[PDB]
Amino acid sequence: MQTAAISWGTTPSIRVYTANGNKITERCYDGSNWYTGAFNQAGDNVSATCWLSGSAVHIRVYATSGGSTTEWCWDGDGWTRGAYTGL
């Protein structure tokens, strides 16, 4: 089982991505309880990065299954596929 972690803001918000048995899922903290997020994509390995534009968070999740990495994007309104390609 393999994790990636990100955080942002003053609360802060935390997102932990877990790769287990070719599935990546998301646990979320926003200052109250941990909860399961919307992110569900295939992968045996994950890494993640985020930034703020004002108060709006932007997340990029790099999901790898075998020899292929797909980027998944949060920009305020659902997970969308990004334009990232490997070597």
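Numbering starts at 1 and follows the sequence shown. In this text, the rigid core denotes the largest set of C-alpha atoms whose superposition between the two forms falls within 1.5 Å.
Review point. If you line up the core and then measure how far each C-alpha sits from this form in 4 other deposited structures of this protein, which stretch comes out higher, 31 to 39 or 48 to 56?
Key: With the rigid core fitted, 48 to 56 is the stretch that strays more in 4 other deposited structures of this protein.
**Study point:** Greater mean Cα temperature factor according to the PDB record, 12 to 20 or 63 to 71
**Key:** It is 63 to 71.
Practice item. Using the B-factors recorded in the PDB entry, average over the C-alpha atoms of 29 to 37 and of 52 to 60, then report which stretch comes out higher. Key: 52 to 60 has the higher mean C-alpha B-factor.
Point to revise | residue 2 by Cα B-factor - lowest, middle or highest third of the modelled chain | key: Residue 2: CA B-factor falls in the middle third of its chain.
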